[PDB]
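J.:
Residue numbers (PDB author numbering), protein chains in the order written: chain C, 642 to 690; chain A, 297 to 345.
1. For residue 310 of chain A, which residues in the same chain have their Cβ closer than 8 angstroms to its Cβ, ignoring the five residues on either side in sequence?
2. Please tell me whether residue 680 of chain C has its Cβ less than 8 angstroms away from any Cβ of chain A.
3. Would you say residue 316 of chain A faces chain C, with C-beta separation under 8 angstroms as the test?
4. Using alpha carbons as the reference points, say which of A:342, A:318, A:344 lies closest to residue 681 of chain C.
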C-alpha cells in the first residue's frame with residue numbers, strides 16, 4: 642500500500658521494502674556485479690557501458 | 297608460504313592483466329623457481345614408481 646499510494650504523489654523516487662531476514666543477507670538478491678574500468682577507459686565510457 | 301602457489305597466483309594475475317595491456321608492450325617472466333621444484337617432485341615420484 643505504501644509503495645502504490647506514493648507512486649506519483651511526489652517527485653522523489655520512493656520505495657518501501659521488507660527488511661532482510663538476516664542483517665547481512667540479500668534474502669532474495671540473486672546477483673551483485675561491479676562493472677569496473679580495467680583499462681583506464683574513463684568515467685563517461687564506463688557510464689555508457 | 298609455499299612457492300608454487302604464490303608463483304601460480306602471480307602468473308594468473310599477470311595473464312589477466314595482459315588482456316588490456318597497451319599496444320607495443322609485452323610481459324616477460326625471465327626468472328622463476330617454482331618450475332624447478334615441480335620438476336624435482338615429479339622426478340622423485342617417478343623414482344618411487
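The beta-carbon is built from N, C-alpha and C at its ideal position, and this holds for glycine as well.
T.: Quick look at the numbers:
1. Against the second chain, residue 310 of chain A aligns to sequence position 14. Around residue 310 of chain A: 323, 325.
2. For the purposes of this step, residue 680 of chain C is identified with residue 39 of the first chain, where counting begins at 1. Residue 680 of chain C counts as touching chain A.
3. Counting from one through the second chain, the residue named residue 316 of chain A turns up at place 20. Answer yes: the Cβ-Cβ gap between residue 316 of chain A and chain C drops below 8 angstroms somewhere.
4. Here residue 681 of chain C is taken as the residue at index 40 of the first chain, counted from 1. Checked all of A:342, A:318, A:344; the closest Cα to residue 681 of chain C is A:318.
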